[PDB]
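*Asks:* Here it is, the structure in full.
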Protein chains: 2
Amino acid sequence: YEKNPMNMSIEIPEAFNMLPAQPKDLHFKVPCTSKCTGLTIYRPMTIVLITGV
Amino acid sequence: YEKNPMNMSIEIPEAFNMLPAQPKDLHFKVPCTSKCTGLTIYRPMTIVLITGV
């Protein structure tokens with residue numbers, strides 16, 4: 001393939017975050033969250049896959 | 001029995017504590033905890049029991 005942020009890209013609009021603890025009867029719970037997009041191919045052709053090697 | 005700190009003893013590693021209040025709607029819940037061990041008999045030759053009555 002040909003690497004270029006013009007044919008394919010991955011985006012992470014929000015990074016890893018940790019919210020404050022939420023106490024319960026003698027224990028806690030700490031949630032976590034983040035966002036992501038995934039790989040999007042813009043000019044589906046600049047990629048060649050060889051199968052069975 | 002004979003009362004002496006080197007013959008028997010009760011121990012309280014952690015005293016009585018009140019945890020911070022946990023709100024829930026228009027009321028609150030407050031938990032309380034403490035620790036204890038019991039009676040330990042270091043020298044058992046200084047105690048005599050009359051059981052039966």
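Letters for chains follow the order of the structure tokens (A, B, ...), residue numbers begin at 1 for each chain, and ligand numbers begin at 1 in the order shown.
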Lay chain A over chain B with a least-squares fit on all the C-alpha atoms, paired in sequence, and tell me the RMSD.
*Replies:*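 Once chain A is overlaid on chain B, the RMSD is 1.1 Å.
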*Asks:* From a DSSP calculation on the backbone, collect every residue of chain A in strand (DSSP E) and output the set as a tab-separated table (two decimals) with N, CA and C atoms, in the first residue's frame.
*Replies:*
chain	number	residue	atom	x	y	z
A	8	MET	N	-6.09	7.14	3.80
A	8	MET	CA	-6.59	6.41	4.96
A	8	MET	C	-6.19	7.16	6.21
A	9	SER	N	-6.97	6.99	7.28
A	9	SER	CA	-6.69	7.69	8.52
A	9	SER	C	-7.45	7.03	9.66
A	17	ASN	N	-9.80	8.68	29.79
A	17	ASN	CA	-10.11	9.48	30.96
A	17	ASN	C	-10.60	8.57	32.07
A	18	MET	N	-10.40	8.99	33.32
A	18	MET	CA	-10.88	8.28	34.49
A	18	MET	C	-11.71	9.22	35.35
A	32	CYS	N	-14.37	4.25	33.47
A	32	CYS	CA	-13.45	4.77	32.48
A	32	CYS	C	-14.15	4.86	31.13
A	33	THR	N	-13.67	5.75	30.27
A	33	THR	CA	-14.29	5.96	28.97
A	33	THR	C	-13.28	6.59	28.02
A	40	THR	N	-10.71	4.23	8.07
A	40	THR	CA	-11.55	4.57	6.93
A	40	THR	C	-10.66	4.70	5.70
A	41	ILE	N	-11.01	3.99	4.64
A	41	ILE	CA	-10.24	4.01	3.40
A	41	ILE	C	-10.91	4.97	2.43
*Asks:* Which of these residues is nearest to chain B, using only C-alpha atoms: A:21, A:12, A:6, A:26?
*Replies:* A:26
*Asks:* With only C-alpha atoms counted and 9 Å as the cut-off, give the residues of chain A in contact with chain B, each with its shortest interatomic distance in Å and the pair that gives it, as a Markdown table.
*Replies:*
| residue | atom | partner | partner_atom | distance |
| --- | --- | --- | --- | --- |
| A:23 | CA | B:22 | CA | 7.7 |
| A:24 | CA | B:22 | CA | 7.8 |
| A:25 | CA | B:31 | CA | 7.2 |
| A:26 | CA | B:31 | CA | 8.0 |
*Asks:* Using N, CA and C atoms, can you write the selected residues to a file as a short mmCIF file (atom, residue, chain, number, x, y, z; two decimals), in the first residue's frame?
*Replies:*
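For reference, part34.cif as written:
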data_model
loop_
_atom_site.label_atom_id
_atom_site.label_comp_id
_atom_site.auth_asym_id
_atom_site.auth_seq_id
_atom_site.Cartn_x
_atom_site.Cartn_y
_atom_site.Cartn_z
N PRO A 23 -18.36 6.02 45.86
CA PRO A 23 -18.35 5.12 47.01
C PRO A 23 -19.66 4.35 47.18
N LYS A 24 -19.53 3.13 47.69
CA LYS A 24 -20.66 2.31 48.12
C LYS A 24 -20.39 1.84 49.54
N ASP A 25 -21.13 0.85 50.02
CA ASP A 25 -20.99 0.39 51.40
C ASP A 25 -19.63 -0.29 51.54
N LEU A 26 -18.63 0.52 51.89
CA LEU A 26 -17.27 0.08 52.17
C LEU A 26 -16.54 -0.43 50.93
#
*Asks:* Could you jot down the atom CA of residue A:1 to atom CA of residue A:48 separation for me, Å, one decimal place?
*Replies:*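 Answer for the atom CA of residue A:1 to atom CA of residue A:48 separation: 6.1 Å.
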